[PDB]
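Structure, as C-alpha coordinates:
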Amino acid sequence: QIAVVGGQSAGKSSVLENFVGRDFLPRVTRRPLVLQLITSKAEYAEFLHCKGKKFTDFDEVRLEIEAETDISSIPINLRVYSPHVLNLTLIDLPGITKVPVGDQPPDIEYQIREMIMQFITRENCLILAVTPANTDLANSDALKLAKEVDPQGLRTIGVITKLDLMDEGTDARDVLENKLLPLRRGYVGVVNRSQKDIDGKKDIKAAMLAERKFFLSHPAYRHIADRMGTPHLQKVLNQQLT
Amino acid sequence: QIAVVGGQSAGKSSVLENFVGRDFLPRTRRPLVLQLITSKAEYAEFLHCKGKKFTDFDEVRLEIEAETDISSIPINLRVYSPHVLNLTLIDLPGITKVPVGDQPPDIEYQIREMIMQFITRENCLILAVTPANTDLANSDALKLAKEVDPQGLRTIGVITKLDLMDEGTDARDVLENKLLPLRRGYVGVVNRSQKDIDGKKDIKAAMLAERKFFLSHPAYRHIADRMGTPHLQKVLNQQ
Ligand SMILES: Nc1nc2c(ncn2[C@@H]2O[C@H](COP(=O)(O)OP(=O)(O)O)[C@@H](O)[C@H]2O)c(=O)[nH]1
Ligand SMILES: Nc1nc2c(ncn2[C@@H]2O[C@H](COP(=O)(O)OP(=O)(O)O)[C@@H](O)[C@H]2O)c(=O)[nH]1
(Lines of atoms letter the chains of each structure in order from A and count residues from 1; the text may use other names and numbers.)
(Lines give C-alpha, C1' and ligand atoms only; values in the text may rest on other atoms or scores of the structure.)
(Ligands and ions follow the chains in the order given, each with its own letter.)
Protein backbone atom coordinates (compact mmCIF):
# COMPACT_ATOMS: atom_id res chain seq x y z
CA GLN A 1 0.00 0.00 0.00
CA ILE A 2 1.04 3.64 -0.90
CA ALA A 3 -0.54 6.37 1.32
CA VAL A 4 -0.84 9.93 -0.14
CA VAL A 5 -0.20 12.28 2.82
CA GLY A 6 -0.17 16.11 2.73
CA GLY A 7 -1.99 19.34 3.55
CA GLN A 8 -5.34 20.18 1.91
CA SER A 9 -4.98 21.16 -1.84
CA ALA A 10 -1.33 19.85 -1.88
CA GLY A 11 -2.09 18.01 -5.18
CA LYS A 12 -2.78 14.49 -3.76
CA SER A 13 -5.85 13.62 -5.94
CA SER A 14 -4.06 14.96 -9.09
CA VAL A 15 -1.14 12.52 -8.38
CA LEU A 16 -3.66 9.56 -8.18
CA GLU A 17 -5.42 10.65 -11.45
CA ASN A 18 -2.06 10.77 -13.33
CA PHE A 19 -1.47 7.11 -12.26
CA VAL A 20 -4.90 6.13 -13.75
CA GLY A 21 -4.74 8.22 -16.99
CA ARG A 22 -8.38 9.35 -16.55
CA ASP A 23 -10.10 12.12 -14.50
CA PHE A 24 -12.36 10.48 -11.84
CA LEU A 25 -11.81 12.34 -8.52
CA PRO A 26 -14.05 15.19 -7.13
CA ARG A 27 -12.58 18.77 -6.87
CA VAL A 28 -12.60 17.95 -1.38
CA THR A 29 -11.82 14.39 -0.05
CA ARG A 30 -13.79 13.57 3.18
CA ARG A 31 -13.22 9.76 3.42
CA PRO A 32 -10.09 7.55 2.72
CA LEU A 33 -10.17 6.00 -0.78
CA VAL A 34 -8.39 2.63 -1.19
CA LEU A 35 -7.56 2.72 -4.90
CA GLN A 36 -6.32 -0.61 -6.29
CA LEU A 37 -4.89 -0.36 -9.80
CA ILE A 38 -4.81 -3.58 -11.84
CA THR A 39 -3.13 -3.96 -15.28
CA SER A 40 -5.86 -5.46 -17.58
CA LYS A 41 -6.88 -5.64 -21.26
CA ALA A 42 -10.48 -4.55 -20.34
CA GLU A 43 -10.72 -0.95 -19.04
CA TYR A 44 -13.39 -0.59 -16.30
CA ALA A 45 -13.83 0.25 -12.57
CA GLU A 46 -15.76 -1.32 -9.67
CA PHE A 47 -16.58 -0.39 -6.05
CA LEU A 48 -16.56 -2.83 -3.06
CA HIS A 49 -20.04 -1.67 -1.89
CA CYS A 50 -21.26 -1.74 -5.58
CA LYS A 51 -20.70 -5.53 -6.24
CA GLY A 52 -21.31 -6.84 -9.80
CA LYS A 53 -21.58 -3.36 -11.40
CA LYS A 54 -18.65 -2.47 -13.73
CA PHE A 55 -18.07 1.24 -14.65
CA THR A 56 -16.69 2.18 -18.12
CA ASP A 57 -17.52 5.93 -17.54
CA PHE A 58 -15.04 7.66 -15.20
CA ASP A 59 -17.49 10.59 -14.56
CA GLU A 60 -19.94 8.01 -13.06
CA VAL A 61 -17.04 6.66 -10.86
CA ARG A 62 -16.59 10.29 -9.54
CA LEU A 63 -20.35 10.68 -8.93
CA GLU A 64 -20.31 7.33 -7.02
CA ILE A 65 -17.28 8.54 -4.87
CA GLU A 66 -19.31 11.79 -4.28
CA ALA A 67 -22.53 9.74 -3.50
CA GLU A 68 -20.66 7.41 -1.08
CA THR A 69 -18.85 10.35 0.73
CA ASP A 70 -22.35 11.90 1.34
CA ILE A 71 -15.58 13.57 7.21
CA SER A 72 -15.44 9.78 8.03
CA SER A 73 -12.74 7.15 8.77
CA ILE A 74 -14.43 4.12 7.01
CA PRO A 75 -12.66 3.64 3.60
CA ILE A 76 -14.17 3.54 0.07
CA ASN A 77 -12.69 0.57 -1.85
CA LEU A 78 -12.24 1.16 -5.58
CA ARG A 79 -10.62 -1.10 -8.19
CA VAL A 80 -9.67 0.25 -11.60
CA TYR A 81 -8.65 -2.33 -14.27
CA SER A 82 -6.68 -0.58 -17.05
CA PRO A 83 -4.00 -1.40 -19.73
CA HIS A 84 -2.31 1.92 -18.81
CA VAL A 85 -1.89 1.30 -15.01
CA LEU A 86 0.58 -0.67 -12.81
CA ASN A 87 -0.28 -3.12 -9.99
CA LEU A 88 -0.35 -0.63 -7.06
CA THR A 89 -2.69 0.08 -4.14
CA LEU A 90 -2.87 3.80 -3.27
CA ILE A 91 -4.78 5.43 -0.37
CA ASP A 92 -6.26 8.90 -1.09
CA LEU A 93 -6.34 10.44 2.31
CA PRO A 94 -8.10 13.71 3.36
CA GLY A 95 -5.78 16.73 3.51
CA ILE A 96 -4.44 17.99 6.88
CA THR A 97 -6.03 21.35 7.87
CA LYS A 98 -5.59 23.69 10.88
CA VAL A 99 -8.86 25.70 11.05
CA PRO A 100 -12.40 24.15 10.61
CA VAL A 101 -14.49 25.49 7.66
CA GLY A 102 -18.32 25.66 7.80
CA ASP A 103 -20.13 22.93 9.79
CA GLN A 104 -16.84 20.91 10.27
CA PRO A 105 -15.97 19.72 13.88
CA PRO A 106 -13.38 21.89 15.81
CA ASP A 107 -11.03 18.84 16.30
CA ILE A 108 -11.04 18.12 12.47
CA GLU A 109 -7.15 18.41 12.29
CA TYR A 110 -6.70 15.76 15.03
CA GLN A 111 -9.42 13.52 13.45
CA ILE A 112 -7.75 13.66 9.97
CA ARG A 113 -4.31 13.09 11.69
CA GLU A 114 -5.80 10.04 13.61
CA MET A 115 -7.31 8.73 10.28
CA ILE A 116 -3.93 9.03 8.41
CA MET A 117 -2.07 7.46 11.43
CA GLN A 118 -4.19 4.23 11.11
CA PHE A 119 -2.74 3.79 7.59
CA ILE A 120 0.91 5.07 7.96
CA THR A 121 1.70 3.26 11.34
CA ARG A 122 1.72 -0.08 9.35
CA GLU A 123 5.35 -1.16 8.45
CA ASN A 124 4.40 -2.31 4.88
CA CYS A 125 2.72 1.09 4.10
CA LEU A 126 4.88 3.36 1.91
CA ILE A 127 4.35 7.11 2.67
CA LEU A 128 4.05 9.59 -0.21
CA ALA A 129 4.81 12.97 1.53
CA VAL A 130 3.14 15.48 -0.82
CA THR A 131 4.17 19.17 -0.40
CA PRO A 132 3.49 22.09 -2.84
CA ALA A 133 6.70 23.82 -4.04
CA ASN A 134 5.09 27.28 -3.54
CA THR A 135 5.12 26.56 0.28
CA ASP A 136 8.11 26.38 2.69
CA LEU A 137 9.23 22.67 2.90
CA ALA A 138 10.20 23.09 6.64
CA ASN A 139 6.43 23.77 7.21
CA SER A 140 5.34 20.50 5.50
CA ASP A 141 2.63 18.64 7.50
CA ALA A 142 3.42 15.66 5.15
CA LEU A 143 7.13 15.47 6.29
CA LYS A 144 6.23 16.03 10.01
CA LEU A 145 3.76 13.08 10.00
CA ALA A 146 6.16 10.87 7.96
CA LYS A 147 9.17 11.53 10.31
CA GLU A 148 6.89 10.74 13.32
CA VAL A 149 6.06 7.10 12.23
CA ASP A 150 9.17 6.67 9.95
CA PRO A 151 12.23 8.67 11.31
CA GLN A 152 14.94 6.93 9.15
CA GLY A 153 12.99 7.51 5.89
CA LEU A 154 13.02 3.77 5.02
CA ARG A 155 9.47 4.04 3.58
CA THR A 156 9.18 7.78 2.68
CA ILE A 157 9.21 9.34 -0.81
CA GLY A 158 8.91 13.12 -0.96
CA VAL A 159 6.51 14.46 -3.60
CA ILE A 160 6.92 18.08 -4.68
CA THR A 161 3.95 19.47 -6.63
CA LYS A 162 3.06 22.98 -8.08
CA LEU A 163 6.68 23.57 -9.31
CA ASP A 164 5.23 25.77 -12.09
CA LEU A 165 3.64 28.03 -9.33
CA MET A 166 6.98 29.07 -7.74
CA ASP A 167 7.72 32.82 -7.36
CA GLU A 168 9.99 34.39 -10.06
CA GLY A 169 13.56 34.42 -8.69
CA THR A 170 13.14 31.03 -6.86
CA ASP A 171 13.37 27.24 -7.48
CA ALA A 172 13.28 24.02 -5.36
CA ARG A 173 16.74 22.78 -6.59
CA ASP A 174 18.11 22.36 -2.97
CA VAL A 175 14.92 20.44 -2.02
CA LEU A 176 14.87 18.18 -5.19
CA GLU A 177 18.67 17.52 -4.87
CA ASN A 178 17.88 16.07 -1.34
CA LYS A 179 20.01 18.79 0.38
CA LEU A 180 17.66 21.13 2.38
CA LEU A 181 15.81 18.28 4.17
CA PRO A 182 17.41 14.91 3.23
CA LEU A 183 15.25 11.76 2.87
CA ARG A 184 16.72 8.24 2.34
CA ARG A 185 14.64 7.83 -0.91
CA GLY A 186 14.82 11.53 -1.87
CA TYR A 187 12.20 13.67 -3.64
CA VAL A 188 10.27 13.32 -6.93
CA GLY A 189 9.11 16.55 -8.59
CA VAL A 190 5.74 16.55 -10.37
CA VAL A 191 3.75 19.18 -12.34
CA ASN A 192 -0.01 18.47 -12.41
CA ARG A 193 -2.84 20.34 -14.20
CA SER A 194 -3.70 23.86 -12.96
CA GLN A 195 -7.35 24.73 -12.08
CA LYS A 196 -7.60 26.39 -15.58
CA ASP A 197 -6.37 23.17 -17.35
CA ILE A 198 -9.05 21.05 -15.52
CA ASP A 199 -11.93 23.57 -16.27
CA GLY A 200 -10.49 23.76 -19.83
CA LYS A 201 -10.85 19.90 -20.03
CA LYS A 202 -7.09 19.26 -20.72
CA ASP A 203 -6.03 15.58 -21.17
CA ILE A 204 -3.75 13.68 -18.74
CA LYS A 205 -1.76 12.92 -21.99
CA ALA A 206 -1.23 16.73 -22.59
CA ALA A 207 -0.36 17.15 -18.85
CA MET A 208 2.53 14.57 -18.91
CA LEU A 209 4.17 16.10 -22.04
CA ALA A 210 3.90 19.68 -20.54
CA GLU A 211 5.40 18.17 -17.27
CA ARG A 212 8.34 16.55 -19.24
CA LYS A 213 8.83 19.85 -21.18
CA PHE A 214 8.87 21.85 -17.84
CA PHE A 215 11.71 19.76 -16.27
CA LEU A 216 13.78 19.74 -19.50
CA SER A 217 13.33 23.53 -20.07
CA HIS A 218 13.90 24.68 -16.41
CA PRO A 219 17.62 25.68 -15.91
CA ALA A 220 17.56 24.63 -12.21
CA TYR A 221 16.01 21.12 -12.88
CA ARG A 222 17.36 20.15 -16.42
CA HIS A 223 20.43 18.31 -14.92
CA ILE A 224 18.06 16.01 -12.84
CA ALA A 225 15.06 15.82 -15.33
CA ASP A 226 15.17 11.93 -15.57
CA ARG A 227 14.72 11.71 -11.73
CA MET A 228 11.61 13.97 -12.14
CA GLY A 229 8.06 13.73 -13.47
CA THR A 230 5.06 11.48 -12.69
CA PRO A 231 6.25 8.50 -14.98
CA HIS A 232 9.52 8.35 -12.90
CA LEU A 233 7.42 8.42 -9.63
CA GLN A 234 5.27 5.48 -10.99
CA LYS A 235 8.57 3.68 -11.91
CA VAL A 236 10.11 4.14 -8.35
CA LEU A 237 6.85 2.91 -6.69
CA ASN A 238 6.80 -0.09 -9.10
CA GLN A 239 10.59 -0.89 -8.71
CA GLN A 240 10.04 -1.49 -4.92
CA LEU A 241 7.03 -3.88 -5.23
CA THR A 242 8.58 -5.64 -8.30
CA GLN B 1 1.10 46.37 20.21
CA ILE B 2 0.79 44.48 16.83
CA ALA B 3 2.17 40.90 16.58
CA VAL B 4 2.83 39.63 13.00
CA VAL B 5 2.00 35.84 13.08
CA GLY B 6 2.38 33.15 10.37
CA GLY B 7 4.27 30.17 9.02
CA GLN B 8 7.83 30.64 7.66
CA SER B 9 8.12 32.66 4.35
CA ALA B 10 4.44 33.85 4.78
CA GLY B 11 5.42 37.47 3.98
CA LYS B 12 5.62 38.81 7.57
CA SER B 13 8.94 40.78 7.27
CA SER B 14 7.67 42.23 3.91
CA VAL B 15 4.81 43.96 5.83
CA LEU B 16 7.41 45.76 8.04
CA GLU B 17 9.35 46.99 4.98
CA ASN B 18 6.06 48.27 3.38
CA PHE B 19 5.12 50.06 6.66
CA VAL B 20 8.65 51.70 6.88
CA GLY B 21 8.77 52.49 3.13
CA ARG B 22 12.40 51.28 2.76
CA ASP B 23 13.99 47.86 2.18
CA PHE B 24 15.97 47.16 5.39
CA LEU B 25 15.53 43.50 6.50
CA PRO B 26 18.11 40.69 5.87
CA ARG B 27 17.13 37.57 3.84
CA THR B 28 13.24 35.45 11.33
CA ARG B 29 15.40 33.88 14.18
CA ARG B 30 14.92 36.35 17.13
CA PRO B 31 11.77 38.60 17.50
CA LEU B 32 11.91 42.16 16.14
CA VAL B 33 10.20 45.02 18.00
CA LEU B 34 9.81 47.69 15.29
CA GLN B 35 8.48 50.93 16.82
CA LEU B 36 7.44 53.42 14.15
CA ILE B 37 7.45 57.15 14.98
CA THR B 38 6.00 59.82 12.63
CA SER B 39 8.83 62.39 12.45
CA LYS B 40 9.94 65.24 10.14
CA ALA B 41 13.53 63.86 10.05
CA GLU B 42 14.10 60.31 8.72
CA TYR B 43 16.46 58.04 10.73
CA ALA B 44 16.57 54.70 12.64
CA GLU B 45 17.60 53.96 16.28
CA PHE B 46 18.68 50.70 18.02
CA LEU B 47 18.40 50.19 21.82
CA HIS B 48 21.75 48.28 22.07
CA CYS B 49 23.45 51.11 20.04
CA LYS B 50 21.87 53.70 22.43
CA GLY B 51 22.74 57.12 20.93
CA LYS B 52 23.62 56.34 17.27
CA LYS B 53 21.17 57.60 14.61
CA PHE B 54 21.14 55.48 11.40
CA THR B 55 20.39 57.25 8.05
CA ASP B 56 21.55 54.45 5.64
CA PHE B 57 18.93 51.61 5.67
CA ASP B 58 21.51 49.23 4.09
CA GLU B 59 23.56 49.88 7.32
CA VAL B 60 20.41 49.15 9.44
CA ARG B 61 20.15 45.72 7.60
CA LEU B 62 23.88 45.01 8.39
CA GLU B 63 23.26 45.74 12.13
CA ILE B 64 20.06 43.53 12.29
CA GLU B 65 22.21 40.72 10.69
CA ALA B 66 25.14 41.33 13.16
CA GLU B 67 22.92 41.57 16.34
CA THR B 68 20.74 38.44 15.51
CA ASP B 69 23.81 36.11 15.93
CA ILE B 70 16.26 30.89 17.98
CA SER B 71 15.90 33.22 21.03
CA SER B 72 13.06 35.07 22.85
CA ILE B 73 15.07 38.31 23.57
CA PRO B 74 14.04 40.80 20.84
CA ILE B 75 16.08 43.25 18.75
CA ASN B 76 14.57 46.68 19.53
CA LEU B 77 14.45 49.11 16.60
CA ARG B 78 12.82 52.57 16.35
CA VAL B 79 12.22 54.12 12.89
CA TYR B 80 11.56 57.90 12.77
CA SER B 81 9.96 58.80 9.37
CA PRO B 82 7.30 61.22 7.87
CA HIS B 83 5.68 58.31 5.88
CA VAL B 84 5.03 55.99 8.94
CA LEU B 85 2.24 55.95 11.61
CA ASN B 86 2.82 55.79 15.43
CA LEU B 87 2.73 51.95 15.82
CA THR B 88 4.74 49.08 17.43
CA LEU B 89 5.28 45.92 15.37
CA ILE B 90 6.45 42.50 16.63
CA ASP B 91 8.04 40.50 13.80
CA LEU B 92 7.76 37.05 15.31
CA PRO B 93 9.64 34.05 13.77
CA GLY B 94 7.49 31.94 11.43
CA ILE B 95 6.39 28.51 12.65
CA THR B 96 7.98 25.53 10.88
CA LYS B 97 7.10 21.82 11.33
CA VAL B 98 10.41 19.94 10.63
CA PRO B 99 13.94 20.84 12.01
CA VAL B 100 16.47 21.95 9.33
CA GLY B 101 20.19 21.25 9.77
CA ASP B 102 21.36 21.87 13.37
CA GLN B 103 17.90 23.26 14.50
CA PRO B 104 16.38 21.62 17.68
CA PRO B 105 13.89 18.70 17.15
CA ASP B 106 11.23 20.69 19.14
CA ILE B 107 11.72 23.92 17.00
CA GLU B 108 7.92 24.22 16.05
CA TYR B 109 6.80 24.15 19.72
CA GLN B 110 9.73 26.44 20.68
CA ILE B 111 8.53 29.06 18.11
CA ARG B 112 4.83 28.56 19.16
CA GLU B 113 5.70 29.13 22.90
CA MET B 114 7.68 32.33 21.99
CA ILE B 115 4.71 33.61 19.81
CA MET B 116 2.32 32.63 22.72
CA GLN B 117 4.29 34.99 25.06
CA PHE B 118 3.06 37.97 22.96
CA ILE B 119 -0.36 36.86 21.60
CA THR B 120 -1.67 35.80 25.10
CA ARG B 121 -1.44 39.54 26.07
CA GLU B 122 -4.93 41.15 26.05
CA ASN B 123 -3.91 44.54 24.51
CA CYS B 124 -1.94 42.78 21.68
CA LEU B 125 -3.52 42.89 18.20
CA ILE B 126 -2.81 39.67 16.22
CA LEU B 127 -1.88 40.03 12.54
CA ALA B 128 -2.73 36.58 11.04
CA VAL B 129 -0.56 36.30 7.90
CA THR B 130 -1.51 33.61 5.31
CA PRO B 131 -0.23 33.35 1.66
CA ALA B 132 -3.03 33.24 -0.99
CA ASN B 133 -1.34 30.40 -2.97
CA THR B 134 -2.01 28.09 0.07
CA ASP B 135 -5.41 26.77 1.32
CA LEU B 136 -6.71 29.12 4.15
CA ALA B 137 -8.00 26.09 6.18
CA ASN B 138 -4.20 25.13 6.50
CA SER B 139 -3.28 28.55 8.05
CA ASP B 140 -0.86 28.25 11.00
CA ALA B 141 -1.50 31.97 11.77
CA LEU B 142 -5.33 31.56 12.00
CA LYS B 143 -5.05 28.38 14.12
CA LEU B 144 -2.71 30.19 16.61
CA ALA B 145 -4.92 33.35 16.55
CA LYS B 146 -8.07 31.24 17.25
CA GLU B 147 -6.27 29.43 20.16
CA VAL B 148 -5.91 32.72 22.14
CA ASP B 149 -8.70 34.75 20.49
CA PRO B 150 -11.61 32.31 19.59
CA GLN B 151 -14.08 35.22 19.17
CA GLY B 152 -11.68 37.08 16.82
CA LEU B 153 -11.81 40.31 18.90
CA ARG B 154 -8.15 41.25 18.32
CA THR B 155 -7.42 39.35 15.04
CA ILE B 156 -6.96 40.95 11.60
CA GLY B 157 -6.46 38.56 8.68
CA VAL B 158 -3.60 39.44 6.29
CA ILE B 159 -3.46 37.67 2.88
CA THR B 160 -0.13 37.86 0.92
CA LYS B 161 0.98 36.46 -2.53
CA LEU B 162 -2.37 37.20 -4.31
CA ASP B 163 -0.19 37.69 -7.46
CA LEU B 164 1.13 34.04 -7.03
CA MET B 165 -2.35 32.43 -7.22
CA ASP B 166 -2.93 29.64 -9.81
CA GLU B 167 -4.69 30.44 -13.15
CA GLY B 168 -8.50 30.28 -12.77
CA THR B 169 -8.35 30.91 -8.96
CA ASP B 170 -8.83 33.93 -6.64
CA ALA B 171 -9.25 34.69 -2.90
CA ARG B 172 -12.52 36.77 -3.27
CA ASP B 173 -14.53 34.50 -0.86
CA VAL B 174 -11.65 34.88 1.72
CA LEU B 175 -11.33 38.72 1.38
CA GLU B 176 -15.18 39.08 1.36
CA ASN B 177 -14.97 37.42 4.87
CA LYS B 178 -17.13 34.38 3.69
CA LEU B 179 -14.81 31.25 3.71
CA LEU B 180 -13.42 31.79 7.25
CA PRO B 181 -15.20 34.84 8.76
CA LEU B 182 -13.21 36.96 11.21
CA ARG B 183 -14.92 39.70 13.28
CA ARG B 184 -12.34 42.27 12.04
CA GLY B 185 -12.23 40.77 8.47
CA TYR B 186 -9.31 40.36 5.99
CA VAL B 187 -6.78 42.72 4.33
CA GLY B 188 -5.09 41.66 1.07
CA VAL B 189 -1.51 42.77 0.26
CA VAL B 190 0.94 42.38 -2.75
CA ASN B 191 4.57 42.42 -1.58
CA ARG B 192 7.96 42.47 -3.40
CA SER B 193 8.65 39.12 -5.17
CA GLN B 194 12.11 37.39 -4.93
CA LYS B 195 13.14 38.98 -8.29
CA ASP B 196 12.02 42.44 -6.94
CA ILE B 197 14.22 41.97 -3.79
CA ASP B 198 17.28 40.74 -5.84
CA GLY B 199 16.70 43.59 -8.35
CA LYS B 200 16.50 46.02 -5.31
CA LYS B 201 12.98 47.29 -6.40
CA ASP B 202 11.86 50.40 -4.40
CA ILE B 203 8.98 50.05 -1.83
CA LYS B 204 7.26 53.13 -3.47
CA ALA B 205 7.35 51.18 -6.80
CA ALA B 206 6.07 47.95 -5.02
CA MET B 207 3.21 49.89 -3.26
CA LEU B 208 2.30 51.36 -6.68
CA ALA B 209 2.18 47.84 -8.29
CA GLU B 210 0.05 46.59 -5.30
CA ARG B 211 -2.41 49.51 -5.89
CA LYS B 212 -2.68 48.83 -9.69
CA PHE B 213 -3.06 45.05 -8.95
CA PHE B 214 -6.24 45.49 -6.77
CA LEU B 215 -7.63 48.22 -9.13
CA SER B 216 -7.08 45.84 -12.12
CA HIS B 217 -8.10 42.42 -10.65
CA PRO B 218 -11.66 41.57 -11.81
CA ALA B 219 -12.25 39.59 -8.56
CA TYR B 220 -10.83 42.23 -6.05
CA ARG B 221 -11.72 45.50 -8.00
CA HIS B 222 -14.96 46.19 -6.00
CA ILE B 223 -13.09 46.02 -2.64
CA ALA B 224 -9.81 47.76 -3.76
CA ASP B 225 -10.34 50.57 -1.11
CA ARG B 226 -10.50 47.79 1.61
CA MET B 227 -7.30 46.25 0.10
CA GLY B 228 -3.59 47.04 0.22
CA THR B 229 -0.96 47.66 2.92
CA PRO B 230 -1.53 51.54 3.20
CA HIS B 231 -5.17 50.64 4.14
CA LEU B 232 -3.87 47.92 6.56
CA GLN B 233 -1.63 50.67 8.15
CA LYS B 234 -4.77 52.95 8.40
CA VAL B 235 -6.82 50.12 10.06
CA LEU B 236 -4.07 49.35 12.69
CA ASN B 237 -3.84 53.16 13.33
CA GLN B 238 -7.64 53.68 14.01
CA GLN B 239 -7.62 50.85 16.65
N1 LIG C 1 -0.42 24.79 -11.46
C2 LIG C 1 -0.57 23.65 -10.75
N3 LIG C 1 -1.76 23.41 -10.12
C4 LIG C 1 -1.94 22.30 -9.37
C5 LIG C 1 -0.86 21.31 -9.30
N6 LIG C 1 -1.31 20.30 -8.53
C7 LIG C 1 -2.56 20.64 -8.12
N8 LIG C 1 -2.95 21.81 -8.65
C9 LIG C 1 -4.24 22.50 -8.39
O10 LIG C 1 -4.41 22.67 -6.98
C11 LIG C 1 -5.75 22.37 -6.58
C12 LIG C 1 -5.72 21.18 -5.61
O13 LIG C 1 -5.34 19.99 -6.29
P14 LIG C 1 -5.84 18.56 -5.75
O15 LIG C 1 -5.14 17.44 -6.48
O16 LIG C 1 -7.33 18.44 -5.91
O17 LIG C 1 -5.34 18.66 -4.22
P18 LIG C 1 -5.70 17.64 -3.03
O19 LIG C 1 -6.75 18.27 -2.14
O20 LIG C 1 -4.45 17.43 -2.21
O21 LIG C 1 -6.18 16.32 -3.56
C22 LIG C 1 -6.52 22.05 -7.86
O23 LIG C 1 -7.14 23.29 -8.26
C24 LIG C 1 -5.44 21.68 -8.86
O25 LIG C 1 -5.78 22.00 -10.22
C26 LIG C 1 0.39 21.61 -10.04
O27 LIG C 1 1.36 20.81 -10.03
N28 LIG C 1 0.45 22.76 -10.73
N1 LIG D 1 5.37 37.52 -5.42
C2 LIG D 1 5.21 37.74 -4.08
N3 LIG D 1 6.20 37.35 -3.22
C4 LIG D 1 6.10 37.53 -1.88
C5 LIG D 1 4.92 38.20 -1.33
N6 LIG D 1 5.06 38.22 0.01
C7 LIG D 1 6.26 37.65 0.30
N8 LIG D 1 6.88 37.24 -0.83
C9 LIG D 1 8.18 36.53 -0.93
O10 LIG D 1 8.21 35.40 -0.06
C11 LIG D 1 9.49 35.27 0.56
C12 LIG D 1 9.30 35.34 2.07
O13 LIG D 1 9.00 36.70 2.38
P14 LIG D 1 9.32 37.31 3.83
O15 LIG D 1 8.82 38.74 3.88
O16 LIG D 1 10.78 37.21 4.16
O17 LIG D 1 8.42 36.34 4.73
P18 LIG D 1 8.68 36.03 6.28
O19 LIG D 1 9.71 34.93 6.43
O20 LIG D 1 7.35 35.58 6.82
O21 LIG D 1 9.11 37.25 7.05
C22 LIG D 1 10.36 36.41 0.02
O23 LIG D 1 11.20 35.86 -1.01
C24 LIG D 1 9.37 37.40 -0.58
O25 LIG D 1 9.86 38.01 -1.77
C26 LIG D 1 3.87 38.59 -2.31
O27 LIG D 1 2.82 39.13 -1.92
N28 LIG D 1 4.08 38.33 -3.62
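Shown for chain A, in order and in Swiss-Prot numbering: 33-59, 64-106, 115-286.
Determination method: X-ray crystallography, 2.3 Å.
The backbone N, Cα and C atoms fix where each Cβ goes, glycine too.
Swiss-Prot lists region 'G4 motif' at one of the ranges A:93-96, A:177-180, A:197-200, A:205-208, namely A:205-208.
Per Swiss-Prot, the stretch carrying the note region 'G3 motif' among A:52-55, A:136-139, A:148-151, A:212-215 is A:136-139. Taking only the Cα positions, the spacing between A:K44 (GTP binding site) and A:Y231 (phosphotyrosine) is 15 angstrom. Highest Cβ pair count under 8 Å relative to the region 'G3 motif' (A:136-139), across stretches A:38-45, A:205-208, A:235-238: A:38-45.
Using a CB-CB cutoff of under 8 Å against chain B, none of the recorded positions from A:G38, A:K44, A:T205, A:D208, A:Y231 qualifies. Close to A:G38 (GTP binding site) in the fold, though at least 6 residues off in sequence, lie A:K44, A:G139, A:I140, A:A173, A:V174, A:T175, A:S184, A:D185, A:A186, A:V203, each with a CB less than 8 Å from its CB. DSSP gives A:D208 (GTP binding site) a helix state.
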